[PDB]
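Coordinates as given in run_0.pdb (PDB, C-alpha atoms):
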```pdb
MODEL        1
ATOM      1  CA  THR A  48     -23.389   2.008  -3.034
ATOM      2  CA  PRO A  49     -21.345   0.878  -6.043
ATOM      3  CA  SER A  50     -19.508  -2.398  -5.465
ATOM      4  CA  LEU A  51     -15.793  -2.007  -6.256
ATOM      5  CA  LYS A  52     -12.846  -4.408  -6.477
ATOM      6  CA  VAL A  53      -9.758  -2.959  -4.771
ATOM      7  CA  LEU A  54      -6.174  -4.259  -4.916
ATOM      8  CA  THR A  55      -3.507  -3.262  -2.425
ATOM      9  CA  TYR A  56       0.039  -4.393  -3.225
ATOM     10  CA  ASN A  57       3.446  -3.579  -1.752
ATOM     11  CA  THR A  58       5.716  -3.639  -4.823
ATOM     12  CA  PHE A  59       9.163  -3.556  -3.123
ATOM     13  CA  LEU A  60      10.532  -1.240  -5.826
ATOM     14  CA  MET A  61      13.424   0.321  -3.965
ATOM     15  CA  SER A  62      15.485   2.991  -5.701
ATOM     16  CA  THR A  63      17.732   1.427  -8.323
ATOM     17  CA  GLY A  64      20.497   3.980  -7.787
ATOM     18  CA  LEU A  65      20.828   2.738  -4.199
ATOM     19  CA  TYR A  66      19.950  -0.919  -4.917
ATOM     20  CA  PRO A  67      20.869  -1.809  -8.509
ATOM     21  CA  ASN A  68      20.437  -5.589  -8.109
ATOM     22  CA  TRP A  69      16.872  -6.060  -6.803
ATOM     23  CA  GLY A  70      15.298  -6.735 -10.223
ATOM     24  CA  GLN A  71      13.132  -3.614 -10.002
ATOM     25  CA  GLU A  72      12.636  -2.954 -13.726
ATOM     26  CA  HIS A  73      11.933  -6.628 -14.428
ATOM     27  CA  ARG A  74       9.466  -6.947 -11.550
ATOM     28  CA  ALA A  75       7.677  -3.657 -12.290
ATOM     29  CA  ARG A  76       6.939  -4.886 -15.809
ATOM     30  CA  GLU A  77       5.836  -8.293 -14.511
ATOM     31  CA  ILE A  78       3.582  -6.778 -11.814
ATOM     32  CA  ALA A  79       1.532  -4.943 -14.448
ATOM     33  CA  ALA A  80       1.036  -8.279 -16.252
ATOM     34  CA  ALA A  81       0.249 -10.429 -13.200
ATOM     35  CA  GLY A  82      -3.194 -11.963 -12.810
ATOM     36  CA  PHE A  83      -3.870 -10.152  -9.537
ATOM     37  CA  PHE A  84      -3.240  -6.825 -11.310
ATOM     38  CA  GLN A  85      -6.064  -7.333 -13.836
ATOM     39  CA  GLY A  86      -9.749  -6.728 -13.388
ATOM     40  CA  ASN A  87      -9.736  -4.323 -10.462
ATOM     41  CA  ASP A  88     -11.484  -0.989 -10.082
ATOM     42  CA  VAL A  89      -8.807   0.615  -7.866
ATOM     43  CA  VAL A  90      -5.147  -0.310  -7.312
ATOM     44  CA  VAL A  91      -3.132   1.044  -4.363
ATOM     45  CA  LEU A  92       0.624   0.433  -4.516
ATOM     46  CA  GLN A  93       3.283   0.825  -1.840
ATOM     47  CA  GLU A  94       7.095   1.035  -2.042
ATOM     48  CA  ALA A  95       7.008   2.402  -5.606
ATOM     49  CA  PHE A  96      10.197   4.257  -4.699
ATOM     50  CA  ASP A  97      12.292   3.923  -7.855
ATOM     51  CA  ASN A  98      11.130   6.818 -10.019
ATOM     52  CA  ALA A  99      11.740   5.096 -13.363
ATOM     53  CA  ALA A 100      10.290   1.681 -12.511
ATOM     54  CA  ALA A 101       7.294   3.313 -10.823
ATOM     55  CA  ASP A 102       6.790   5.566 -13.865
ATOM     56  CA  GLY A 103       6.943   2.524 -16.160
ATOM     57  CA  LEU A 104       4.401   0.592 -14.082
ATOM     58  CA  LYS A 105       2.029   3.572 -14.034
ATOM     59  CA  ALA A 106       2.399   3.828 -17.826
ATOM     60  CA  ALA A 107       1.917   0.076 -18.275
ATOM     61  CA  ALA A 108      -1.257   0.324 -16.157
ATOM     62  CA  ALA A 109      -2.696   3.403 -17.895
ATOM     63  CA  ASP A 110      -4.864   1.479 -20.381
ATOM     64  CA  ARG A 111      -6.722  -0.390 -17.614
ATOM     65  CA  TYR A 112      -6.352   2.300 -14.884
ATOM     66  CA  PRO A 113      -6.260   5.669 -16.669
ATOM     67  CA  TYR A 114      -6.774   7.930 -13.643
ATOM     68  CA  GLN A 115      -3.765   8.042 -11.360
ATOM     69  CA  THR A 116      -2.133  10.003  -8.556
ATOM     70  CA  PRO A 117       1.551  10.877  -8.406
ATOM     71  CA  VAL A 118       3.691   8.902  -6.008
ATOM     72  CA  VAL A 119       3.051  10.412  -2.571
ATOM     73  CA  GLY A 120       5.847  12.656  -1.360
ATOM     74  CA  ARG A 121       7.780  13.221  -4.613
ATOM     75  CA  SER A 122       6.720  16.873  -4.900
ATOM     76  CA  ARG A 123       3.739  19.224  -4.662
ATOM     77  CA  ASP A 124       3.092  18.924  -8.423
ATOM     78  CA  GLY A 125       0.096  17.029  -9.736
ATOM     79  CA  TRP A 126      -1.934  17.122  -6.496
ATOM     80  CA  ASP A 127      -4.970  19.241  -5.693
ATOM     81  CA  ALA A 128      -3.485  19.803  -2.221
ATOM     82  CA  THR A 129      -0.540  18.734  -0.049
ATOM     83  CA  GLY A 130      -0.853  18.618   3.746
ATOM     84  CA  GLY A 131       0.973  17.182   6.739
ATOM     85  CA  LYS A 132       4.701  17.388   7.511
ATOM     86  CA  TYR A 133       5.825  17.487   3.880
ATOM     87  CA  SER A 134       9.562  18.055   3.344
ATOM     88  CA  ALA A 135      10.842  19.643   0.129
ATOM     89  CA  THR A 136      14.452  18.589   0.719
ATOM     90  CA  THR A 137      14.135  14.925   1.662
ATOM     91  CA  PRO A 138      15.039  12.715  -1.338
ATOM     92  CA  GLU A 139      12.898   9.678  -0.446
ATOM     93  CA  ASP A 140       9.207   9.801  -1.337
ATOM     94  CA  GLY A 141       6.449   7.805   0.385
ATOM     95  CA  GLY A 142       6.143   5.181  -2.369
ATOM     96  CA  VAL A 143       2.313   5.246  -2.505
ATOM     97  CA  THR A 144       0.282   5.750  -5.677
ATOM     98  CA  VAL A 145      -3.408   5.135  -6.449
ATOM     99  CA  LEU A 146      -4.604   3.968  -9.888
ATOM    100  CA  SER A 147      -8.242   3.924 -10.911
ATOM    101  CA  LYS A 148     -10.460   2.695 -13.724
ATOM    102  CA  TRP A 149     -12.899   5.460 -12.615
ATOM    103  CA  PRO A 150     -12.417   9.222 -13.033
ATOM    104  CA  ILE A 151     -10.657  11.032 -10.203
ATOM    105  CA  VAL A 152     -12.658  14.027  -8.973
ATOM    106  CA  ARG A 153     -10.050  15.115  -6.417
ATOM    107  CA  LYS A 154      -6.617  13.903  -5.308
ATOM    108  CA  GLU A 155      -4.519  15.100  -2.368
ATOM    109  CA  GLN A 156      -1.554  13.874  -0.378
ATOM    110  CA  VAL A 157      -0.824  14.229   3.327
ATOM    111  CA  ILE A 158       2.582  13.446   4.844
ATOM    112  CA  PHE A 159       2.392  11.774   8.263
ATOM    113  CA  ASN A 160       2.940  13.989  11.298
ATOM    114  CA  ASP A 161       4.231  11.028  13.352
ATOM    115  CA  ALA A 162       6.912   8.491  12.400
ATOM    116  CA  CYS A 163      10.103   6.914  13.748
ATOM    117  CA  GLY A 164      13.268   5.285  12.480
ATOM    118  CA  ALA A 165      13.721   5.380   8.719
ATOM    119  CA  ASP A 166      10.094   6.340   8.055
ATOM    120  CA  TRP A 167      10.509   9.735   9.745
ATOM    121  CA  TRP A 168      13.231  10.898   7.360
ATOM    122  CA  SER A 169      11.141  10.252   4.240
ATOM    123  CA  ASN A 170       7.861  11.695   2.948
ATOM    124  CA  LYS A 171       5.745   8.733   4.065
ATOM    125  CA  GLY A 172       2.063   9.585   4.059
ATOM    126  CA  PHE A 173      -1.277   8.923   2.406
ATOM    127  CA  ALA A 174      -3.111   9.783  -0.790
ATOM    128  CA  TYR A 175      -6.779  10.801  -0.696
ATOM    129  CA  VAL A 176      -8.820  10.312  -3.867
ATOM    130  CA  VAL A 177     -12.480  10.962  -4.627
ATOM    131  CA  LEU A 178     -13.687   8.787  -7.501
ATOM    132  CA  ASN A 179     -16.802   9.222  -9.636
ATOM    133  CA  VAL A 180     -18.395   5.754  -9.967
ATOM    134  CA  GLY A 181     -21.952   4.846 -10.973
ATOM    135  CA  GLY A 182     -23.476   8.274 -10.440
ATOM    136  CA  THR A 183     -21.910   8.859  -7.025
ATOM    137  CA  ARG A 184     -18.598   9.316  -5.219
ATOM    138  CA  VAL A 185     -16.250   6.804  -3.598
ATOM    139  CA  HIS A 186     -13.429   7.930  -1.296
ATOM    140  CA  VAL A 187     -10.140   6.031  -1.044
ATOM    141  CA  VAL A 188      -7.162   6.628   1.238
ATOM    142  CA  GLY A 189      -4.068   4.738   0.086
ATOM    143  CA  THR A 190      -1.118   4.483   2.425
ATOM    144  CA  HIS A 191       1.883   2.622   3.790
ATOM    145  CA  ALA A 192       1.960   2.956   7.584
ATOM    146  CA  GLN A 193       4.947   3.042   9.949
ATOM    147  CA  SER A 194       7.222   0.010   9.681
ATOM    148  CA  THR A 195       8.632  -1.855  12.684
ATOM    149  CA  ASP A 196      12.035  -0.296  12.109
ATOM    150  CA  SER A 197      15.464  -0.690  13.698
ATOM    151  CA  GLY A 198      15.616   3.056  14.409
ATOM    152  CA  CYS A 199      12.405   3.042  16.430
ATOM    153  CA  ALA A 200      12.569   2.594  20.184
ATOM    154  CA  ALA A 201      10.710  -0.358  21.687
ATOM    155  CA  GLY A 202       6.987   0.238  21.184
ATOM    156  CA  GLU A 203       7.603   3.455  19.241
ATOM    157  CA  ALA A 204       6.643   2.003  15.837
ATOM    158  CA  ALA A 205       3.243   0.824  17.098
ATOM    159  CA  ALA A 206       2.709   4.134  18.902
ATOM    160  CA  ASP A 207       3.359   6.070  15.702
ATOM    161  CA  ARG A 208       1.157   3.752  13.618
ATOM    162  CA  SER A 209      -1.629   4.552  16.081
ATOM    163  CA  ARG A 210      -1.091   8.283  15.542
ATOM    164  CA  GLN A 211      -0.935   7.753  11.762
ATOM    165  CA  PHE A 212      -4.298   5.966  11.746
ATOM    166  CA  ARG A 213      -5.809   8.714  13.918
ATOM    167  CA  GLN A 214      -4.362  11.387  11.621
ATOM    168  CA  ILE A 215      -6.153   9.699   8.706
ATOM    169  CA  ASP A 216      -9.341   9.502  10.785
ATOM    170  CA  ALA A 217      -9.101  13.195  11.668
ATOM    171  CA  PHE A 218      -8.458  14.115   8.025
ATOM    172  CA  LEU A 219     -11.507  12.162   6.849
ATOM    173  CA  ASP A 220     -13.746  13.575   9.591
ATOM    174  CA  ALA A 221     -12.820  17.164   8.668
ATOM    175  CA  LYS A 222     -13.875  16.434   5.070
ATOM    176  CA  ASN A 223     -17.444  15.873   6.383
ATOM    177  CA  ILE A 224     -17.998  13.057   3.884
ATOM    178  CA  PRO A 225     -21.708  12.179   3.453
ATOM    179  CA  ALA A 226     -22.559   8.913   5.199
ATOM    180  CA  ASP A 227     -24.135   7.559   2.003
ATOM    181  CA  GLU A 228     -20.717   7.696   0.261
ATOM    182  CA  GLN A 229     -18.161   4.901   0.693
ATOM    183  CA  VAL A 230     -14.813   5.586   2.369
ATOM    184  CA  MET A 231     -12.116   2.899   2.135
ATOM    185  CA  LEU A 232      -8.611   2.758   3.620
ATOM    186  CA  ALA A 233      -6.269   0.601   1.532
ATOM    187  CA  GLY A 234      -2.631  -0.109   2.170
ATOM    188  CA  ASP A 235       0.231  -1.892   3.815
ATOM    189  CA  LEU A 236      -0.844  -0.926   7.326
ATOM    190  CA  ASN A 237       2.030  -2.833   9.005
ATOM    191  CA  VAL A 238      -0.361  -4.311  11.593
ATOM    192  CA  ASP A 239      -0.482  -8.105  11.942
ATOM    193  CA  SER A 240      -4.080  -9.344  11.700
ATOM    194  CA  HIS A 241      -3.126 -12.163  14.075
ATOM    195  CA  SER A 242      -2.054  -9.718  16.828
ATOM    196  CA  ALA A 243      -3.758  -7.532  19.428
ATOM    197  CA  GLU A 244      -2.765  -4.428  17.427
ATOM    198  CA  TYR A 245      -5.338  -5.438  14.774
ATOM    199  CA  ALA A 246      -8.171  -4.383  17.085
ATOM    200  CA  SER A 247      -6.503  -1.092  18.009
ATOM    201  CA  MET A 248      -5.940  -0.342  14.308
ATOM    202  CA  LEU A 249      -9.700  -0.712  13.706
ATOM    203  CA  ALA A 250     -10.455   1.647  16.596
ATOM    204  CA  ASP A 251      -7.765   4.189  15.644
ATOM    205  CA  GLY A 252      -8.858   4.366  11.991
ATOM    206  CA  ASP A 253     -12.565   4.047  12.880
ATOM    207  CA  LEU A 254     -12.640   1.085  10.486
ATOM    208  CA  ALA A 255     -15.184  -1.704  10.067
ATOM    209  CA  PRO A 256     -13.563  -5.157   9.896
ATOM    210  CA  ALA A 257     -14.069  -7.036   6.678
ATOM    211  CA  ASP A 258     -16.872  -9.570   6.902
ATOM    212  CA  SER A 259     -14.246 -12.153   5.950
ATOM    213  CA  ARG A 260     -10.497 -12.292   5.453
ATOM    214  CA  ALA A 261      -9.865 -15.150   3.046
ATOM    215  CA  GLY A 262      -7.096 -16.843   1.106
ATOM    216  CA  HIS A 263      -3.558 -17.284   2.364
ATOM    217  CA  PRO A 264      -3.150 -16.569   6.110
ATOM    218  CA  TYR A 265      -0.101 -14.262   5.752
ATOM    219  CA  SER A 266       0.282 -11.398   3.293
ATOM    220  CA  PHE A 267       3.919 -11.071   4.526
ATOM    221  CA  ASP A 268       5.000 -14.732   4.590
ATOM    222  CA  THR A 269       8.645 -14.926   5.682
ATOM    223  CA  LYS A 270       8.527 -18.694   5.029
ATOM    224  CA  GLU A 271       6.679 -19.249   1.710
ATOM    225  CA  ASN A 272       7.431 -15.932  -0.045
ATOM    226  CA  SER A 273      10.896 -16.181  -1.607
ATOM    227  CA  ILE A 274      11.751 -12.466  -1.247
ATOM    228  CA  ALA A 275      10.458 -12.162   2.322
ATOM    229  CA  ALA A 276      12.261 -15.384   3.286
ATOM    230  CA  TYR A 277      15.553 -14.029   1.931
ATOM    231  CA  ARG A 278      15.266 -10.657   3.674
ATOM    232  CA  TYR A 279      13.822 -11.834   7.024
ATOM    233  CA  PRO A 280      14.702 -15.523   7.457
ATOM    234  CA  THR A 281      14.317 -15.518  11.274
ATOM    235  CA  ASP A 282      11.227 -13.338  11.551
ATOM    236  CA  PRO A 283       7.656 -14.567  12.067
ATOM    237  CA  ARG A 284       5.089 -14.653   9.307
ATOM    238  CA  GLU A 285       2.563 -11.817   9.574
ATOM    239  CA  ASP A 286      -0.453 -10.443   7.763
ATOM    240  CA  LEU A 287      -0.243  -6.729   7.093
ATOM    241  CA  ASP A 288      -2.311  -5.571   4.081
ATOM    242  CA  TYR A 289      -5.945  -4.413   4.153
ATOM    243  CA  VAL A 290      -8.816  -2.657   2.392
ATOM    244  CA  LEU A 291     -11.330  -1.612   5.051
ATOM    245  CA  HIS A 292     -14.447   0.557   4.997
ATOM    246  CA  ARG A 293     -15.088   3.406   7.438
ATOM    247  CA  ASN A 294     -17.629   3.037  10.235
ATOM    248  CA  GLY A 295     -20.881   4.883   9.613
ATOM    249  CA  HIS A 296     -20.555   4.950   5.816
ATOM    250  CA  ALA A 297     -22.322   2.907   3.175
ATOM    251  CA  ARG A 298     -20.465  -0.232   2.124
ATOM    252  CA  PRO A 299     -21.274  -3.486   0.312
ATOM    253  CA  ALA A 300     -22.431  -6.413   2.386
ATOM    254  CA  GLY A 301     -20.102  -9.376   2.638
ATOM    255  CA  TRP A 302     -16.957  -7.303   2.159
ATOM    256  CA  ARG A 303     -13.899  -9.537   1.803
ATOM    257  CA  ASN A 304     -10.109  -9.158   1.820
ATOM    258  CA  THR A 305      -8.464 -12.088  -0.004
ATOM    259  CA  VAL A 306      -4.719 -12.682   0.331
ATOM    260  CA  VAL A 307      -3.680 -14.073  -3.058
ATOM    261  CA  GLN A 308      -0.529 -16.236  -3.088
ATOM    262  CA  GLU A 309       0.355 -15.849  -6.781
ATOM    263  CA  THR A 310       3.936 -16.767  -7.695
ATOM    264  CA  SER A 311       6.016 -15.612 -10.649
ATOM    265  CA  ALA A 312       8.332 -17.191 -13.158
ATOM    266  CA  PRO A 313      11.864 -17.342 -11.715
ATOM    267  CA  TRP A 314      14.081 -14.299 -12.083
ATOM    268  CA  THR A 315      17.713 -14.080 -11.086
ATOM    269  CA  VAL A 316      20.017 -11.300  -9.932
ATOM    270  CA  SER A 317      23.658 -11.177  -8.847
ATOM    271  CA  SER A 318      24.945  -9.848  -5.524
ATOM    272  CA  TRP A 319      28.536 -10.008  -4.244
ATOM    273  CA  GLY A 320      29.458 -12.546  -6.891
ATOM    274  CA  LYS A 321      26.566 -14.837  -6.045
ATOM    275  CA  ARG A 322      23.391 -15.573  -7.988
ATOM    276  CA  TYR A 323      19.969 -15.451  -6.337
ATOM    277  CA  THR A 324      16.740 -16.712  -7.919
ATOM    278  CA  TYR A 325      13.289 -15.642  -6.714
ATOM    279  CA  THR A 326       9.759 -16.759  -7.597
ATOM    280  CA  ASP A 327       7.763 -13.787  -6.266
ATOM    281  CA  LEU A 328       7.363 -10.246  -7.546
ATOM    282  CA  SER A 329       7.647  -8.735  -4.055
ATOM    283  CA  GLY A 330       7.906  -9.743  -0.425
ATOM    284  CA  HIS A 331       4.163  -9.251   0.091
ATOM    285  CA  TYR A 332       1.238 -11.012  -1.405
ATOM    286  CA  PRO A 333      -1.430  -8.894  -3.105
ATOM    287  CA  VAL A 334      -4.691  -8.415  -1.224
ATOM    288  CA  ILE A 335      -7.840  -8.152  -3.332
ATOM    289  CA  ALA A 336     -10.905  -6.698  -1.639
ATOM    290  CA  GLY A 337     -14.479  -6.862  -2.839
ATOM    291  CA  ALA A 338     -18.023  -7.903  -2.113
ATOM    292  CA  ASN A 339     -18.273 -11.661  -1.836
TER     293      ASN A 339
ENDMDL
END
```

Spell out the structure here as structure tokens.
Amino acid sequence: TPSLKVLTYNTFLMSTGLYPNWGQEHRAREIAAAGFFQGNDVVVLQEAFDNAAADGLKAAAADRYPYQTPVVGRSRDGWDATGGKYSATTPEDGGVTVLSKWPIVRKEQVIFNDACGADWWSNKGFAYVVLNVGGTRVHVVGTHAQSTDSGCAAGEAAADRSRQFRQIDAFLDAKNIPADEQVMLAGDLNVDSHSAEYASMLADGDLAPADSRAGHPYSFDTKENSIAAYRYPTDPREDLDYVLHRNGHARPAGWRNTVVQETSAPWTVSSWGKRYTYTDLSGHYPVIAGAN
């Protein structure tokens, strides 16, 4: 059971053609240089939507993380398989990519069968990678689950997240992964750890809770994170990002998820003839998982 350090980070790199003033190229470069980006074994990114900034980040990361997936949902190219409700015409990809210090033995993508609001119209889904680490295999699913979106009916977002977690569970079960091999789910799962949905997420994904969740209480801090506070000034702080092992599989003891509140040098953009300065590289905080 090789002990791995896993980062999950929502990068908030929206398409620059649609959103030219969100500092995407600046932040993508700065994310690859941030402290939380260094020293991991696996990195799972979400919202890497802008093709150029995502490509630049993946290139900037290639020295430390040479083995990488495409961004989920861009196309069928560069994957060993594509499953789920993939659309060839939809322009928006799922924004998820997995980067690894360790050789990738297999990589596939699966587009979610269930989604609502904005998520439905895009190729949101998950990446499945098998890594070769220390003489054995480690399985990682990287994803960005259904958001609590304006276009979803009341309760529909949570209902579709439940189906998304069970789709991942069913996918992993059908792989018949040996119990002595680790299986981790890493991503922005859009489930608040402080809410009742946390426990149903664990049951739906068949996930073991971390032995400890440490660091800052909120990986999506609408008060202390300067981007989240600008975009959602009246919404509660929540805690959405996880790396969790699968029940019944080998895993390190004392597995931790640490929410790391690392700020950035100020950067400024202009919008409607006003200047806005931020001190975070995204609206989320990175979560670093590993054996304590």

Stretch 211-213 of chain A: which residues within 8 Å, counting all atoms listed in the file, same-chain residues fewer than 3 positions away excluded, as a list in words?
residues 159, 160, 161, 162, 192, 193, 207, 208, 216, 217, 248, 251 and 252 of chain A

Residue contacts of residue A:50 (10 Å, all atoms listed in the file) excluding same-chain residues fewer than 6 positions away, as a ChimeraX atom specification:
/A:88,180-181,185,229,298-300,302,337-338

Let me make sure I understand: among A:119, A:316, A:176, A:146, which one has the smallest atom-to-atom distance to residue A:87 if we use all atoms listed in the file?
A:146

I'd like to see the residues matched by the PyMOL selection byres ((chain A and resi 203) around 12) on this file, and ideally I'd get them as JSON, numbers by chain.
{"A": [161, 162, 163, 164, 166, 167, 193, 194, 195, 196, 197, 198, 199, 200, 201, 202, 204, 205, 206, 207, 208, 209, 210]}

Top pick for closest residue to residue A:333, considering A:174, A:187, A:95, A:54 and counting all atoms listed in the file:
A:54

Could you state which residues are captured by the PyMOL selection byres ((chain A and resi 83) around 10) in this file, as a compact mmCIF listing (two decimals) with C-alpha atoms, keeping the file's coordinate frame?
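out-v8.txt, written as the output of this step:
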```txt
# COMPACT_ATOMS: atom_id res chain seq x y z
CA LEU A 54 -6.17 -4.26 -4.92
CA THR A 55 -3.51 -3.26 -2.42
CA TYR A 56 0.04 -4.39 -3.22
CA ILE A 78 3.58 -6.78 -11.81
CA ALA A 79 1.53 -4.94 -14.45
CA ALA A 80 1.04 -8.28 -16.25
CA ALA A 81 0.25 -10.43 -13.20
CA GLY A 82 -3.19 -11.96 -12.81
CA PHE A 84 -3.24 -6.82 -11.31
CA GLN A 85 -6.06 -7.33 -13.84
CA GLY A 86 -9.75 -6.73 -13.39
CA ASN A 87 -9.74 -4.32 -10.46
CA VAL A 307 -3.68 -14.07 -3.06
CA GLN A 308 -0.53 -16.24 -3.09
CA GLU A 309 0.36 -15.85 -6.78
CA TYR A 332 1.24 -11.01 -1.40
CA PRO A 333 -1.43 -8.89 -3.10
CA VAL A 334 -4.69 -8.41 -1.22
CA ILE A 335 -7.84 -8.15 -3.33
```

Skipping near chain neighbours, those fewer than 5 positions away, what residues fall within 9 Å of residue A:272 using only C-alpha atoms, listed as a list in words?
residues 267, 277, 308, 310, 325, 326, 327, 329, 330, 331 and 332 of chain A

For atom CA of residue A:253 and atom CA of residue A:182, determine how far apart the two atoms are, in Å to one decimal place.
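Computing it gives 26.1 Å between the two atoms.
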
Resolved residues for the PyMOL selection byres ((chain A and resi 315) around 12) as a PDB file with C-alpha atoms, keeping the file's coordinate frame:
```
ATOM      1  CA  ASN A  68      20.437  -5.589  -8.109  1.00  0.00           C
ATOM      2  CA  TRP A  69      16.872  -6.060  -6.803  1.00  0.00           C
ATOM      3  CA  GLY A  70      15.298  -6.735 -10.223  1.00  0.00           C
ATOM      4  CA  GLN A  71      13.132  -3.614 -10.002  1.00  0.00           C
ATOM      5  CA  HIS A  73      11.933  -6.628 -14.428  1.00  0.00           C
ATOM      6  CA  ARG A  74       9.466  -6.947 -11.550  1.00  0.00           C
ATOM      7  CA  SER A 273      10.896 -16.181  -1.607  1.00  0.00           C
ATOM      8  CA  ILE A 274      11.751 -12.466  -1.247  1.00  0.00           C
ATOM      9  CA  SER A 311       6.016 -15.612 -10.649  1.00  0.00           C
ATOM     10  CA  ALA A 312       8.332 -17.191 -13.158  1.00  0.00           C
ATOM     11  CA  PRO A 313      11.864 -17.342 -11.715  1.00  0.00           C
ATOM     12  CA  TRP A 314      14.081 -14.299 -12.083  1.00  0.00           C
ATOM     13  CA  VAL A 316      20.017 -11.300  -9.932  1.00  0.00           C
ATOM     14  CA  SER A 317      23.658 -11.177  -8.847  1.00  0.00           C
ATOM     15  CA  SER A 318      24.945  -9.848  -5.524  1.00  0.00           C
ATOM     16  CA  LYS A 321      26.566 -14.837  -6.045  1.00  0.00           C
ATOM     17  CA  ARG A 322      23.391 -15.573  -7.988  1.00  0.00           C
ATOM     18  CA  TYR A 323      19.969 -15.451  -6.337  1.00  0.00           C
ATOM     19  CA  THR A 324      16.740 -16.712  -7.919  1.00  0.00           C
ATOM     20  CA  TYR A 325      13.289 -15.642  -6.714  1.00  0.00           C
ATOM     21  CA  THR A 326       9.759 -16.759  -7.597  1.00  0.00           C
ATOM     22  CA  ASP A 327       7.763 -13.787  -6.266  1.00  0.00           C
ATOM     23  CA  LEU A 328       7.363 -10.246  -7.546  1.00  0.00           C
TER      24      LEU A 328
END
```

I'd like to know which of A:108, A:145, A:219, A:118 is closest to residue A:91, using all atoms listed in the file.
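Closest to residue A:91 of all the choices is A:145.
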
May I have the residues within 6 Å of residue A:303 as an NGL selection string, using all atoms listed in the file and disregarding those fewer than 4 positions away in the same chain?
:A and (257-260 or 336-338)

How big is the axis-aligned box around the listed atoms of stretch 276-288 of chain A once 6 Å is added on each side, and where is its centre? Give both in Å to one decimal, as JSON.
```
{"center_x": 6.6, "center_y": -10.5, "center_z": 7.0, "size_x": 29.9, "size_y": 22.0, "size_z": 22.1}
```

From A:179, A:48, A:190, A:136, residue lying nearest residue A:149 [all atoms listed in the file]:
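Result for the nearest residue to residue A:149: A:179.
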
Kindly give the distance, in Å, that separates atom CA of residue A:122 and atom CA of residue A:76, rounded to a single decimal.
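Calculated distance between atom CA of residue A:122 and atom CA of residue A:76 is 24.3 Å.
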
Record the distance separating atom CA of residue A:271 and atom CA of residue A:306, expressed in Å with one decimal.
13.2 Å

Can you work out which one of A:269, A:147, A:93, A:170 has the shortest atom-to-atom distance to residue A:285, counting all atoms listed in the file?
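So, comparing all the options, the nearest one is A:269.
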